[PDB]
Structures are given as C-alpha cells and as structure tokens.
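Engineer: Pasting a structure below so you can have a look.
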Amino acid sequence: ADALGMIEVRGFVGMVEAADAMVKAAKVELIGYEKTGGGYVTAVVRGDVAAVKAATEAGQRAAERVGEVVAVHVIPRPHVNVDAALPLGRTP
Amino acid sequence: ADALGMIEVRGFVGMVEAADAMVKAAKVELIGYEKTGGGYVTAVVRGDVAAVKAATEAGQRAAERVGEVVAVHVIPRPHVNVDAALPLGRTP
Amino acid sequence: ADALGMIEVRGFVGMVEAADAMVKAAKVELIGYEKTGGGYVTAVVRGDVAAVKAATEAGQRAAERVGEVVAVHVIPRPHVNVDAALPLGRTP
Amino acid sequence: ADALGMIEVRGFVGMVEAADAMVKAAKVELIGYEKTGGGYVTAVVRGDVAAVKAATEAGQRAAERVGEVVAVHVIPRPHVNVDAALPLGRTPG
Amino acid sequence: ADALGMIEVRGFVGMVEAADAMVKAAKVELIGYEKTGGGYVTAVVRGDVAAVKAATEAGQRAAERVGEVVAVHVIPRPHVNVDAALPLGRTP
Amino acid sequence: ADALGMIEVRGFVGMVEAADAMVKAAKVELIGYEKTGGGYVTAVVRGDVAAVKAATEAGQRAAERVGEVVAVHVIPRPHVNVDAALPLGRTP
Amino acid sequence: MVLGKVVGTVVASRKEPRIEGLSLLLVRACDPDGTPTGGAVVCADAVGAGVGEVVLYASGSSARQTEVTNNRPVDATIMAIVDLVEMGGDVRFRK
Amino acid sequence: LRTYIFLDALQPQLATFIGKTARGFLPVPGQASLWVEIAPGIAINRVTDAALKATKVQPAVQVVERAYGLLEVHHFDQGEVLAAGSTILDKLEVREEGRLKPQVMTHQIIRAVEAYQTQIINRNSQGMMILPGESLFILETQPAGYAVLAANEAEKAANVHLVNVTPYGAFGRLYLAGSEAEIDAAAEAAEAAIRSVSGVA
Amino acid sequence: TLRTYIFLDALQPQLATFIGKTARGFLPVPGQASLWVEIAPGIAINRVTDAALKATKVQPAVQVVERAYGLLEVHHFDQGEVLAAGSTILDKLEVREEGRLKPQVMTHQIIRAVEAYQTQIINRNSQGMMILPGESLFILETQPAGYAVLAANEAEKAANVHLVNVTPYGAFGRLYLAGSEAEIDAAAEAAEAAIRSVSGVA
C-alpha cells in the first residue's frame with residue numbers, strides 16, 4: 001500500500017519532535033507510535049515514497065538535535081503480511 | 001509441524017525491516033511479534049523447513065543495518081507443546 | 001505437584017529454543033513463559049523431577065548457542081504456597 | 001525419490017544419539033542402521049532434502065558429544081538401482 | 001516410552017560389569033547387549049528416567065575400573081521412530 | 001562376461017556415495033556390496049568396459065570427499081573361475 | 001544415612017552464630033513403604049526439602065561433609081531426596 | 001582447445017534442452033556426449049567430419065558465432081563417444097589435458113523470484129519455466145564449453161528444473177530453477193563440478 | 001458471433017507462467033482472475049477490447065487475430081472488475097452468457113510411458129515446461145479453441161502436473177500435460193469434467 005517511514009528515538013521528546021517534523025516536512029500520515037519499552041518509542045508515518053523519504057530525512061535532522069535517534073528506515077512497499085500483522089496502520 | 005524462525009532486534013525499526021525481508025525473501029507467513037520489554041522485540045515467522053531458513057538468513061542481513069540484531073534462530077520442527085503453549089501462530 | 005524447571009533468557013529467541021529443547025528432551029509439560037520486563041523472559045516446565053532435571057540440562061545447552069542464559073534451576077517439589085501464589089501452572 | 005541421510009559413528013551409542021537427534025530435529029524416517037564391522041555403525045534416515053539436511057546437521061552436532069563421527073553425508077536424489085541394491089529402506093519389495 | 005541408558009565398552013568384561021551395576025543400582029530392565037564387532041560391545045538398559053539416570057552413572061563408575069569405557073549416554077524420552085527401527089527392546 | 005569395477009572404502013557412507021556416483025555416471029549395474037569386516041565395505045558394479053571405467057572414475061572422485069578410498073580398480077574381462085567362485089554377482 | 005519424611009520446620013531464634021542462614025527441618029524416619037513412624041530429628045536442609053518429601057539424611061561426623069555445613073555444629077544434614085524406592089522388585093514409593 | 005568435457009551419461013532433463021536447442025542430431029536421454037571448444041572456429045568444421053566418420057557417434061551441436069567452434073557429439077556406447085573424443089582431439093593434435101581449466105565467475109542464488117522476474121526470465125526460451133515463487137541459481141563458467149556439464153551435475157544432484165544453459169558464447173551462463181532446498185543442493189554440485197576439472201590456467 | 005466466453009476465477013501458476021511466456025501484451029501473474037473471449041470475425045475483437053477497457057480497469061494480455069477467429073484475455077486481481085468487464089463485453093455484442101458455443105472434446109488420450117524419441121519431438125514443438133522421457137502424457141483438443149485454457153487451468157487446480165503446451169487460438173484448442181500416472185489421471189478427469197460442465201449453444 002502506502003510506504004512506511006519510521007524513526008526510533010530513545011525518549012519521548014525526540015520522537016515528538018520527529019513526528020512534528022515529519023508531518024510538517026512532506027505529505028505523510030502520522031498513524032501513531034509504538035512503545036517497545038525501556039525508553040524506546042517509534043514514530044510511524046505512511047504516504048507515497050518521495051514524501052515518506054523527504055519526511056524521514058528531515059525528521060531525522062530535527063530529532064537528532066534533541067534526543068537519541070536509534071534507527072531511521074524507509075520501506076517503499078511493505079509486504080501485505082507486514083501490514084496485516086503489525087500495528088502500522090492500513091490493517092484490513 | 002511447520003518450521004519456525006525468529007529474529008530478535010533491540011528496536012522496532014530493525015524488527016520491521018527483518019520481518020519485511022523475511023516475508024519478501026521466501027513464501028513464509030509472518031505470525032507477528034513478541035515484545036519482551038527493554039527494547040527487545042522478536043519477529044516470528046513460520047513456514048517450510050528451508051523457506052524459513054532462507055527467510056531468516058535474508059532478514060538477518062536486512063536488520064543488521066537499521067538495527068541491532070540480538071538472536072537469529074530457526075527451529076526445523078518445533079514440538080506440539082511449544083506451539084500449544086507459546087504465542088507462535090499455530091495455537092489450536 | 002510435580003517439579004519445576006525454569007530457564008531464564010534475556011532474549012525471547014533463546015527462551016523458545018530452551019523451551020523446544022526442554023520439551024523434546026523428556027516428558028515434561030511446558031506451561032509457558034513469564035515476562036518480567038527489561039528483556040528477561042523465563043520458560044517454565046513441569047514434570048517428575050529427573051525428567052525436569054534432564055530437560056533443563058538439554059535446554060541450557062541449546063540456549064547457550066542462541067542467547068544469554070541468566071539462570072537455570074530445578075525445584076524438585078515446590079511448596080503449596082509457591083504454586084498458589086506464583087503463576088506456575090499448578091494453581092488449584 | 002526420498003532424500004538420503006547417513007551418519008556413521010564408531011560406536012553404537014553415538015549412533016543412537018545421532019538417530020534420536022535426527023528424528024527429533026525434523027520430519028525424517030529412521031529406517032535402520034548398518035553394522036559394517038570394526039565398531040562402525042551407520043544410522044540411515046530418509047525424507048526430504050530440506051528435512052534430511054536440517055536433521056543430519058543436528059544429528060552430527062549431537063553425535064559429537066557422545067562418540068566420534070566418521071562420516072556425515074546427505075544424498076538429495078539417490079538413484080533407483082542404489083535403492084534396489086543397498087539396504088536403504090526404499091527397496092521395492 | 002521408557003528412558004534409554006547405554007554404556008559401550010571396548011572390552012566384554014567391562015560390559016558385564018557395567019550391566020551388572022546398572023541392574024543392581026536401580027529398578028532398570030537389562031534389555032540386551034549389542035555386538036557391533038571389532039571389540040565394541042554396548043550394554044543397553046531401559047527403565048524409568050530416575051532409574052536409568054542413577055543406574056547409568058553407577059555403571060559408568062563401575063566399568064571404568066575394569067576396562068576402557070567408550071561411551072555412556074542416556075536418552076530420557078526416545079522417539080517412537082528410534083524404538084521402531086533399532087534393537088532396543090521396546091520395539092513392538 | 002561383463003567388465004568388473006570395485007571401490008573399497010572404510011565406511012558405509014563412503015560406499016553409498018561411491019555407488020551413487022557409479023550408477024549415476026554410466027549405465028552399469030550396482031550388484032551389491034561385500035563386507036570384509038573391519039569397517040571395510042566394497043561396492044561392486046559390472047557392465048561394459050568404458051561404462052565401468054567411467055563409473056569407477058566418478059565414484060573414486062566422489063568418495064574421496066566423504067570418505068576413505070582404500071583401493072579402486074577395474075577388470076575389463078574377468079576370468080570365468082573368478083565369477084564362478086567369488087560373489088561378484090554373475091554366479092551361474 | 002536413613003530415609004524419612006520431612007514432617008515439620010523448626011525456627012530457632014537464639015542460635016550458635018555459624019548456623020544462621022541454615023534451614024532446619026523435623027524429619028521423622030519412615031519405613032520404605034513411605035509412612036512416618038519414629039523419632040523426629042531436627043536436621044539441617046542442604047538440598048531444598050519441604051514438608052512431606054521423603055529424604056535421606058545422614059547423622060554423625062559425615063553430616064558436616066558439605067560446603068554449607070562444613071565446620072558447623074550440624075548433627076544431621078539432608079543430603080538427598082528420594083525419588084524411587086525399590087524393595088526387591090516392587091517399587092514401594094514414587095515421587 | 002578451450003574446453004574438452006565428456007558428459008558420460010546425460011541426465012533426463014539436460015538432453016531435453018539439448019534436443020530443444022541443438023542444430024544436428026537430437027540427443028536422446030541419456031546416451032553420452034563429448035563437448036569440445038577449440039580455437040579458432042574454422043577448424044571445427046574439419047574436425048567434426050573426421051569424428052563423425054571414424055566412430056558411430058552422431059554430432060549434435062555446432063560452432064559459436066565468430067569465436068571458437070564448439071562440438072557436442074552424442075553416441076549410445078560411451079566407448080564410441082570416447083573414441084570420437086580422441087579423434088576430435090587428435091585432429092587438432094592438442095593434448096586432452098591441455099584444456100583450459102574452468103573458472104567460476106559469478107554464482108548467485110535468488111530465492112522467492114517474483115512474477116515480474118518470472119516473466120523476464122521465462123521470455124528467453126530455453127528450458128523449463130521459471131515458476132514465480134521459487135529459487136534461481138545463475139552460475140557462469142569460463143570458458144563456455146564447461147557449462148553444459150554443470151547442467152548435468154545439477155540434474156543428478158537434486159530435483160531442480162533447468163531454465164537455461166548457454167554453452168555457446170564467451171562465458172557459459174547456466175540458470176537452474178527449483179525449490180529453495182533443491183536449488184541449494186544443486187548449486188553446490190554445480191560449483192563443485194565446475195571447480196574440479198583439470199587443465200591449464 | 002460469440003464462440004467462447006470462459007471466466008477463470010484464479011490462475012494456477014504454470015498457466016500464468018505460460019501466458020507470461022507466450023503472449024503479446026501485459027503479462028499476467030498467478031492468482032489473478034482472468035477472462036477469455038473468442039469471437040468471429042477476428043477483427044471485431046478490437047472493438048470488444050475497447051469496450052472492456054473503457055468500462056473497467058481490467059488489463060489485457062492475449063489479443064490475437066487468427067485466420068478467422070479473434071481472442072481476448074483480460075485479467076485483474078479483483079473479480080468484480082473482470083465480471084463487470086465481461087458484462088460490458090456481453091452488452092457490446094448484445095449476447096448472453098449461454099450464447100457461446102458448447103465446447104466439444106474431439107480428441108482425448110492418456111499416453112503412458114512416452115519414449116525418448118517422442119519426447120524430443122514434443123520438446124522441440126512447444127513452449128512450456130519440457131516433457132521428460134518416461135512421463136505420462138495427456139493430450140486434449142477442444143472446439144472452439146478458447147476453452148482449452150479452461151481445460152488447462154482446472155487440470156492444474158486439481159492435480160500437480162507440468163504444463164507442456166496450450167494453444168488456445170486456432171481451429172482446435174490444444175493441450176499437452178506431463179506428469180506421473182496418478183497425477184495425469186487426476187488432471188485428465190478434472191479437465192474432462194471441466195469442459196463437459198459448460199453450457200452453451202450446440
């Protein structure tokens with residue numbers, strides 16, 4: 001379906017700055033975040049691939065100057081099982 | 001019955017990339033993911049005996065770049081009790 | 001009131017490998033697993049005491065290949081208050 | 001035909017641990033063992049090349065704890081005449 | 001079914017010593033001896049798991065004073081296919 | 001009488017791999033195998049001289065990598081007494 | 001060394017200071033059938049025996065032959081837990 | 001001489017592609033074959049007739065375009081095909097050990113081939129179809145004469161379906177396609193056969 | 001004149017692989033829903049294709065002008081699109097479902113233990129998977145030609161065989177199938193039951 005941008009920040013402030021810069025930086029839909037415990041939270045955005053890529057590469061710049069960005073990755077087309085099994089939005 | 005494969009990554013982003021490459025690399029069902037807290041999240045796939053092996057050997061490659069891979073392991077034929085007592089897809 | 005094997009692994013994947021090895025070693029009953037947070041997962045096993053002893057010794061050897069084994073311990077017969085006040089699958 | 005997996009151990013005990021690890025490790029069929037004298041005993045399983053490969057690897061890593069392995073080898077597609085001439089459990093009749 | 005104790009000795013007097021100690025040590029059925037040729041003779045004993053686990057350790061202690069022991073092992077729960085196509089006493 | 005080819009190996013795994021290469025390599029007849037004790041097992045194929053001389057080369061080259069080739073030899077025309085006395089398959 | 005059931009627990013308050021941190025158990029000696037009949041000795045746990053288990057204990061100088069009870073005034077210690085009792089071909093007691 | 005291999009007994013599927021590809025006698029599965037690529041490729045037209053007349057063999061394949069001219073001769077008796085091989089290697093007066101040793105260039109397995117790759121791979125029609133969702137082993141042997149031999153050694157090793165084996169060219173590209181375990185079991189034997197030949201470097 | 005109108009609910013992967021190997025158009029993948037329409041004369045099939053493409057979002061692969069006949073394949077993952085395209089095709093020709101010709105089996109045989117000297121001929125005559133020596137062979141000819149892919153598809157849905165050749169355009173739709181005796185027998189039973197269970201005009 002739509003692409004999959006997500007960045008993981010050890011801390012909530014860096015992840016909120018990430019989500020704000022991603023939804024201001026291009027046309028992506030912040031479907032939410034995920035808590036894997038231990039300080040980590042992961043912000044997830046969905047959209048078309050150029051907007052998702054331009055959103056993550058600006059959210060990483062804006063959340064790098066706040067907190068501890070663990071990992072940034074963009075999936076251009078996730079498989080239908082990954083959308084159907086994981087809390088990423090677009091679950092049928 | 002079906003063989004079991006697991007990738008454990010300390011982040012959510014690495015787990016999503018591992019789960020994506022496991023499904024894209026072999027005809028292998030993605031059951032879901034188990035959170036254990038502390039960051040550590042495990043993606044659990046299940047399928048043929050060698051398809052799951054190629055899926056883990058290609059999901060490990062993908063998750064080592066966008067994350068920190070803790071444990072990769074394939075069980076070629078797990079017991080009836082393991083599927084009956086753990087959240088691993090084939091619970092009757 | 002049978003015995004009690006516990007293998008604690010800081011990974012989920014090492015826990016499931018210890019689980020499969022404990023079940024495939026002897027005739028023991030695997031209830032499930034306890035998530036105490038922070039990564040630490042524990043696999044719990046019930047059976048007569050020598051079967052549990054050999055089961056945990058096989059499960060520790062299979063789990064040292066995969067993950068970090070915290071503790072392996074066998075109680076020959078837990079107290080009635082232990083089974084009634086801790087989630088160990090023999091609650092009346 | 002079915003894939004062929006053998007583990008030869010210089011000892012009966014390592015052979016039995018190898019055969020038990022093979023039949024618990026995957027979905028194979030322990031069809032028997034071959035005594036060739038001198039202490040050499042060969043455990044033979046039949047199955048599928050994925051299953052026989054994944055079983056024979058665990059049989060080797062469990063038979064090294066007990067005895068000594070001499071040979072471990074998987075034949076993914078043995079010929080018809082070899083199943084007809086050697087005691088390999090898929091003999092017609 | 002019943003657990004499986006085996007002691008393989010290169011001598012023959014060592015095998016009778018080991019089989020005698022494994023019978024005297026616990027309630028274990030002596031179920032035979034396997035002559036694999038070339039000196040190597042295996043005593044195969046078979047009973048319950050606590051019985052075999054005590055008996056086989058005692059037979060290991062006794063066989064090492066009389067000959068050269070080759071291998072000592074216990075399978076706590078032998079698979080059905082193992083007992084089928086092997087001369088281990090509990091074949092149907 | 002057909003030409004005669006034999007590969008003797010210490011081991012049974014080496015003999016089965018040699019017999020597979022001899023049968024798959026040319027149009028010969030795998031008769032059986034002679035167990036001369038001590039772990040030595042000899043594989044005996046019989047067929048035309050070029051067929052046996054190709055089967056023998058391939059069986060030697062394939063059994064060198066799993067085992068312990070003792071002697072490898074091709075008789076193009078065995079004597080009638082050799083077939084009548086020794087168990088080489090063509091006993092009238 | 002004789003086998004008996006662990007009947008009870010004994011909680012000493014003012015004790016010899018070496019044996020603090022050491023659990024005490026009233027073991028009454030049982031027959032190999034498994035029914036307790038005899039005198040109850042307060043012996044020290046070294047394996048983890050609870051109430052109702054059939055144990056061996058050993059009294060004397062060989063009650064100190066453990067890392068736990070090395071130079072302590074321990075008259076008897078529990079060295080093993082009975083799983084099976086074979087009596088001439090009849091298993092009288094199982095765990 | 002760039003390559004001189006003797007496929008002693010052709011497997012049941014390599015000869016089907018040899019019948020779907022060759023310009024000459026169609027090989028039956030599986031008689032024998034001798035493949036010999038000898039540079040330059042204008043002496044192959046004069047070496048093929050001597051081997052066709054001196055033995056009972058039948059020539060199956062032909063030259064390469066503006067290169068050394070390969071020749072695969074297929075007889076039922078392996079003695080006749082070996083005699084035709086000695087005749088073709090004595091017409092050029094080169095030694096049988098003077099062949100160039102085969103060098104593996106690029107082996108790569110691609111598991112779970114998508115349907116797009118299935119179309120773009122099946123469009124180049126040589127052998128058995130790509131079957132979307134499979135594996136695909138694609139090796140390359142240098143020189144191109146050895147590659148068909150690899151196609152035999154992957155058919156006697158596992159139950160893999162042969163996609164294409166181009167023996168005619170500068171390097172021999174061989175793609176096979178089966179299930180994910182049989183393709184690994186076949187690629188191991190293809191590499192272990194192409195890396196076991198003897199000759200000059 | 002509508003000759004063949006057959007709706008395939010799901011493409012089995014050897015048929016979709018064969019169409020992706022030998023078609024002039026947008027290659028279909030396995031799992032899709034397909035539709036085969038053969039009409040006469042074979043140049044009104046461009047008008048049929050234009051109606052189906054302007055109505056729905058189905059996608060064509062096989063659009064073949066034969067000597068007298070004309071074939072159209074359309075396919076999409078959503079069966080509602082393919083059924084709406086078929087409704088538009090039947091409305092453009094102003095015919096119905098049962099206006100098609102009833103398919104006739106004019107040659108069905110099961111050849112067992114095929115020699116190598118026949119498999120080499122069959123291999124240099126086809127485009128699908130290679131028949132191997134010793135395998136059984138099921139040959140099938142259906143009139144009209146467009147129903148043969150139906151006889152292909154149900155012969156793979158109910159068996160595990162290899163597709164050797166299928167020619168769905170011409171005077172006789174031809175079908176070759178290789179495999180073991182039980183699998184060719186199951187595929188033959190399924191395909192002969194699939195052709196005879198199609199109503200139409202005799």
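Ordered as shown in the structure tokens, chains take letters A, B, and onward, while each chain numbers its residues from 1 and ligands are numbered from 1 in the order shown.
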Write out as a PyMOL selection string all residues of chain D that backbone DSSP assigns to alpha helix (DSSP H).
Structural biologist: chain D and resi 12-25+49-63+80-85
Engineer: Using only C-alpha atoms, which residues sit within 10 Å of residue 87 of chain D once same-chain residues fewer than 6 positions away are excluded, as a count of residues only?
Structural biologist: 6
Engineer: For residue 52 of chain H, please output as an mmCIF file with N, CA, C and O atoms, in the first residue's frame all residues within 12 Å (counting only C-alpha atoms; exclusion window: fewer than 2 positions along the same chain).
Structural biologist:
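File produced: selection-v2.cif:
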```
data_model
loop_
_atom_site.group_PDB
_atom_site.id
_atom_site.type_symbol
_atom_site.label_atom_id
_atom_site.label_comp_id
_atom_site.auth_asym_id
_atom_site.auth_seq_id
_atom_site.Cartn_x
_atom_site.Cartn_y
_atom_site.Cartn_z
ATOM 1 N N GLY H 24 21.359 -30.288 -35.349
ATOM 2 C CA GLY H 24 22.018 -31.506 -35.776
ATOM 3 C C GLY H 24 21.192 -32.708 -35.378
ATOM 4 O O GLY H 24 19.967 -32.695 -35.491
ATOM 5 N N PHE H 25 21.883 -33.750 -34.925
ATOM 6 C CA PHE H 25 21.198 -34.893 -34.337
ATOM 7 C C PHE H 25 20.633 -34.465 -32.993
ATOM 8 O O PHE H 25 21.267 -33.699 -32.265
ATOM 9 N N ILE H 44 36.824 -26.354 -36.591
ATOM 10 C CA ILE H 44 35.808 -27.243 -36.034
ATOM 11 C C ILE H 44 34.994 -27.888 -37.141
ATOM 12 O O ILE H 44 34.533 -29.027 -36.996
ATOM 13 N N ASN H 45 34.832 -27.195 -38.269
ATOM 14 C CA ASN H 45 34.119 -27.765 -39.404
ATOM 15 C C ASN H 45 34.886 -28.925 -40.028
ATOM 16 O O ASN H 45 34.275 -29.837 -40.594
ATOM 17 N N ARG H 46 36.217 -28.915 -39.922
ATOM 18 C CA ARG H 46 37.039 -30.009 -40.417
ATOM 19 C C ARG H 46 37.357 -31.048 -39.357
ATOM 20 O O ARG H 46 37.794 -32.147 -39.705
ATOM 21 N N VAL H 47 37.174 -30.720 -38.078
ATOM 22 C CA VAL H 47 37.354 -31.714 -37.027
ATOM 23 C C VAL H 47 36.074 -32.487 -36.753
ATOM 24 O O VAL H 47 36.140 -33.608 -36.241
ATOM 25 N N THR H 48 34.910 -31.930 -37.086
ATOM 26 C CA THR H 48 33.666 -32.629 -36.800
ATOM 27 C C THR H 48 33.429 -33.784 -37.761
ATOM 28 O O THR H 48 32.876 -34.816 -37.366
ATOM 29 N N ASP H 49 33.858 -33.647 -39.019
ATOM 30 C CA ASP H 49 33.577 -34.686 -40.007
ATOM 31 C C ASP H 49 34.448 -35.913 -39.784
ATOM 32 O O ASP H 49 34.003 -37.044 -40.011
ATOM 33 N N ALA H 50 35.680 -35.708 -39.314
ATOM 34 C CA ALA H 50 36.563 -36.830 -39.015
ATOM 35 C C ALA H 50 36.042 -37.647 -37.843
ATOM 36 O O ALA H 50 36.059 -38.882 -37.884
ATOM 37 N N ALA H 54 34.862 -41.509 -38.245
ATOM 38 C CA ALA H 54 35.707 -42.501 -37.596
ATOM 39 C C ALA H 54 34.977 -43.345 -36.565
ATOM 40 O O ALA H 54 35.414 -44.466 -36.297
ATOM 41 N N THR H 55 33.892 -42.847 -35.981
ATOM 42 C CA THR H 55 33.149 -43.597 -34.977
ATOM 43 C C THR H 55 31.702 -43.784 -35.402
ATOM 44 O O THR H 55 31.324 -43.400 -36.512
ATOM 45 N N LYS H 56 30.882 -44.366 -34.530
ATOM 46 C CA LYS H 56 29.450 -44.491 -34.766
ATOM 47 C C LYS H 56 28.663 -43.365 -34.109
ATOM 48 O O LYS H 56 27.436 -43.458 -33.992
ATOM 49 N N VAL H 57 29.345 -42.299 -33.691
ATOM 50 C CA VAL H 57 28.742 -41.189 -32.963
ATOM 51 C C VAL H 57 27.866 -40.366 -33.892
ATOM 52 O O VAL H 57 27.897 -40.543 -35.113
ATOM 53 N N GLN H 58 27.067 -39.469 -33.319
ATOM 54 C CA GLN H 58 26.254 -38.545 -34.088
ATOM 55 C C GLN H 58 26.496 -37.136 -33.560
ATOM 56 O O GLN H 58 26.388 -36.904 -32.343
ATOM 57 N N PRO H 59 26.841 -36.183 -34.420
ATOM 58 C CA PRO H 59 27.089 -34.818 -33.952
ATOM 59 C C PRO H 59 25.794 -34.075 -33.692
ATOM 60 O O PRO H 59 24.852 -34.130 -34.484
ATOM 61 N N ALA H 60 25.764 -33.359 -32.568
ATOM 62 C CA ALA H 60 24.547 -32.696 -32.117
ATOM 63 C C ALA H 60 24.611 -31.185 -32.237
ATOM 64 O O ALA H 60 23.702 -30.581 -32.815
ATOM 65 N N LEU H 71 31.605 -28.344 -30.258
ATOM 66 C CA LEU H 71 31.036 -29.523 -30.904
ATOM 67 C C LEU H 71 30.674 -30.536 -29.830
ATOM 68 O O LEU H 71 31.551 -30.998 -29.098
ATOM 69 N N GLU H 72 29.395 -30.886 -29.739
ATOM 70 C CA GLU H 72 28.929 -31.924 -28.829
ATOM 71 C C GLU H 72 28.477 -33.131 -29.640
ATOM 72 O O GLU H 72 27.515 -33.042 -30.408
ATOM 73 N N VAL H 73 29.177 -34.247 -29.468
ATOM 74 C CA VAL H 73 28.905 -35.491 -30.183
ATOM 75 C C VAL H 73 28.307 -36.496 -29.212
ATOM 76 O O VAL H 73 28.811 -36.685 -28.102
ATOM 77 N N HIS H 74 27.228 -37.155 -29.634
ATOM 78 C CA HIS H 74 26.413 -37.980 -28.744
ATOM 79 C C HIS H 74 26.237 -39.372 -29.331
ATOM 80 O O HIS H 74 25.537 -39.541 -30.331
ATOM 81 N N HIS H 75 26.852 -40.371 -28.699
ATOM 82 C CA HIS H 75 26.698 -41.770 -29.069
ATOM 83 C C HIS H 75 26.139 -42.550 -27.892
ATOM 84 O O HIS H 75 26.243 -42.127 -26.741
ATOM 85 N N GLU H 80 32.263 -45.506 -27.870
ATOM 86 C CA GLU H 80 32.223 -44.833 -29.163
ATOM 87 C C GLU H 80 32.341 -43.324 -29.009
ATOM 88 O O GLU H 80 33.032 -42.668 -29.796
ATOM 89 N N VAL H 81 31.704 -42.756 -27.986
ATOM 90 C CA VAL H 81 31.810 -41.319 -27.767
ATOM 91 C C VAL H 81 33.206 -40.952 -27.278
ATOM 92 O O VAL H 81 33.730 -39.884 -27.613
ATOM 93 N N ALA H 83 35.914 -42.605 -28.212
ATOM 94 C CA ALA H 83 36.734 -42.708 -29.418
ATOM 95 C C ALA H 83 36.559 -41.491 -30.314
ATOM 96 O O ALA H 83 37.526 -41.014 -30.918
ATOM 97 N N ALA H 84 35.334 -40.974 -30.409
ATOM 98 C CA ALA H 84 35.103 -39.746 -31.161
ATOM 99 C C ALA H 84 35.772 -38.553 -30.491
ATOM 100 O O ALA H 84 36.258 -37.645 -31.175
ATOM 101 N N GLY H 85 35.830 -38.552 -29.160
ATOM 102 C CA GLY H 85 36.560 -37.509 -28.462
ATOM 103 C C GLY H 85 38.054 -37.570 -28.711
ATOM 104 O O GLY H 85 38.698 -36.537 -28.904
ATOM 105 N N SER H 86 38.621 -38.779 -28.735
ATOM 106 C CA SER H 86 40.040 -38.919 -29.053
ATOM 107 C C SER H 86 40.324 -38.547 -30.502
ATOM 108 O O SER H 86 41.371 -37.970 -30.801
ATOM 109 N N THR H 87 39.386 -38.829 -31.410
ATOM 110 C CA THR H 87 39.572 -38.450 -32.807
ATOM 111 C C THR H 87 39.509 -36.939 -32.990
ATOM 112 O O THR H 87 40.303 -36.371 -33.745
ATOM 113 N N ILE H 88 38.581 -36.270 -32.304
ATOM 114 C CA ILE H 88 38.476 -34.819 -32.429
ATOM 115 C C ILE H 88 39.639 -34.131 -31.726
ATOM 116 O O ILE H 88 40.068 -33.047 -32.133
ATOM 117 N N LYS H 91 42.639 -34.708 -34.194
ATOM 118 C CA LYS H 91 42.576 -33.907 -35.411
ATOM 119 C C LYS H 91 43.214 -32.544 -35.194
ATOM 120 O O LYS H 91 43.958 -32.057 -36.053
#
```
Engineer: So that I can check the surroundings of segment 71-83 of chain A, please list as an MDAnalysis selection string every protein, DNA and RNA residue that reaches within 6 Å of it, counting only C-alpha atoms and ignoring chain neighbours fewer than 3 positions away.
Structural biologist: (chainID A and resid 3:8 49 86 91) or (chainID B and resid 66)
Engineer: Within 9 Å of residue 47 of chain D, counting only C-alpha atoms, which residues show up once you throw out same-chain ones fewer than 5 positions away? Write them as a PyMOL selection string, please.
Structural biologist: chain D and resi 1-5+27-29+52
Engineer: Just N, CA and C atoms for this one: save the residues we selected as an mmCIF file, in the first residue's frame.
Structural biologist:
```cif
data_model
loop_
_atom_site.group_PDB
_atom_site.id
_atom_site.type_symbol
_atom_site.label_atom_id
_atom_site.label_comp_id
_atom_site.auth_asym_id
_atom_site.auth_seq_id
_atom_site.Cartn_x
_atom_site.Cartn_y
_atom_site.Cartn_z
ATOM 1 N N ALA D 1 13.667 -39.708 -5.643
ATOM 2 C CA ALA D 1 12.988 -40.355 -4.528
ATOM 3 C C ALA D 1 13.154 -39.535 -3.261
ATOM 4 N N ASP D 2 12.981 -40.182 -2.116
ATOM 5 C CA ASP D 2 13.251 -39.529 -0.848
ATOM 6 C C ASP D 2 14.744 -39.297 -0.680
ATOM 7 N N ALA D 3 15.085 -38.181 -0.048
ATOM 8 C CA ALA D 3 16.474 -37.850 0.189
ATOM 9 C C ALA D 3 17.056 -38.744 1.269
ATOM 10 N N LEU D 4 18.361 -38.950 1.177
ATOM 11 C CA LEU D 4 19.085 -39.937 1.958
ATOM 12 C C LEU D 4 20.055 -39.241 2.890
ATOM 13 N N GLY D 5 20.035 -39.614 4.162
ATOM 14 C CA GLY D 5 20.972 -39.034 5.094
ATOM 15 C C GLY D 5 21.612 -40.085 5.959
ATOM 16 N N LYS D 27 11.347 -33.752 10.158
ATOM 17 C CA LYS D 27 10.393 -34.810 9.846
ATOM 18 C C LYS D 27 11.068 -35.768 8.875
ATOM 19 N N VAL D 28 11.793 -36.718 9.450
ATOM 20 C CA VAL D 28 12.514 -37.729 8.693
ATOM 21 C C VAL D 28 12.028 -39.090 9.151
ATOM 22 N N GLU D 29 12.620 -40.143 8.608
ATOM 23 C CA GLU D 29 12.273 -41.510 8.968
ATOM 24 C C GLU D 29 13.550 -42.294 9.199
ATOM 25 N N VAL D 52 16.025 -33.649 5.597
ATOM 26 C CA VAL D 52 17.171 -34.523 5.834
ATOM 27 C C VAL D 52 18.423 -33.704 6.102
#
```
